[PDB]
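**Q** Before anything else, here's the structure in question.
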Amino acid sequence: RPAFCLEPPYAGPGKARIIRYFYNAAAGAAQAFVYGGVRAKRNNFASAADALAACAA
């Protein structure tokens, strides 16, 4: 998988309240987190499906 997939989820400093998905490598699963709308890292997806296709491929 890309190194990006090993990164902890990044809420960032934004104030929005958007559920996004990240690949949790140690868990072997895509998991929800709250994304703030600003300065996203690359382990950040619209759905569990999109996280798994990028990283559990």
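Starting from 1 in every chain, residues are counted up; chains themselves are A, B, ... following the order of the structure tokens, and ligands are numbered from 1 as listed.
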From the DSSP assignment of the backbone, select every residue of chain A that is alpha helix (DSSP H), and format the answer as an NGL selection string.

**A** :A and (48-55)

**Q** Deliver the residues from the most recent selection as a file, using C-alpha atoms, as a CSV table (one decimal), in the first residue's frame.

**A**
chain,number,residue,atom,x,y,z
A,48,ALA,CA,-15.1,2.8,3.8
A,49,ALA,CA,-15.1,1.3,0.2
A,50,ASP,CA,-12.8,4.1,-1.1
A,51,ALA,CA,-10.4,3.6,1.9
A,52,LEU,CA,-10.1,-0.2,1.2
A,53,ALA,CA,-9.7,0.1,-2.5
A,54,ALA,CA,-6.7,2.5,-2.0
A,55,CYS,CA,-5.1,0.5,0.9

**Q** List as a ChimeraX atom specification the protein and nucleic acid residues near residue 19 (chain A), meaning an atom at most 7 Å away when only C-alpha atoms are counted, but skip any in the same chain fewer than 5 places from it.

**A** /A:32-35

**Q** Have a look at A:17, A:46, A:25, A:36 and name the one nearest to residue 1 (chain A); count only C-alpha atoms.

**A** A:25

**Q** Find the residue from A:38, A:45, A:57, A:5 that sits nearest to residue 20 (chain A); use only C-alpha atoms when measuring.

**A** A:45

**Q** Name all residues at most 12 Å from residue 27 (chain A) (count only C-alpha atoms; drop same-chain ones fewer than 4 positions away) and give them as a compact mmCIF listing (two decimals) with C-alpha atoms, in the first residue's frame.

**A**
# COMPACT_ATOMS: atom_id res chain seq x y z
CA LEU A 6 0.10 3.97 7.43
CA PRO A 8 -2.86 8.17 11.65
CA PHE A 22 -9.23 6.34 7.00
CA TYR A 23 -7.39 3.06 6.73
CA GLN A 31 -12.63 3.53 10.25
CA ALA A 56 -6.57 -3.08 1.25

**Q** May I ask for the distance between CA of residue 39 (chain A) and CA of residue 12 (chain A), given in Å to one decimal place?

**A**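 If I compute the distance from CA of residue 39 (chain A) to CA of residue 12 (chain A), I get 6.3 Å.
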
**Q** DSSP on the backbone: which residues in chain A end up as strand (DSSP E or B)? Give the answer as a list in words.

**A** residues 18, 19, 20, 21, 22, 23, 24, 29, 30, 31, 32, 33, 34, 35 and 45 of chain A

**Q** Please compute the CA of residue 24 (chain A)-CA of residue 3 (chain A) distance, one decimal, in Å.

**A**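 CA of residue 3 (chain A) lies 12.3 Å from CA of residue 24 (chain A).
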
**Q** Give me, please, the distance in Å between CA of residue 4 (chain A) and CA of residue 21 (chain A), quoted to one decimal.

**A**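 Taking CA of residue 4 (chain A) and CA of residue 21 (chain A), their separation equals 13.2 Å.
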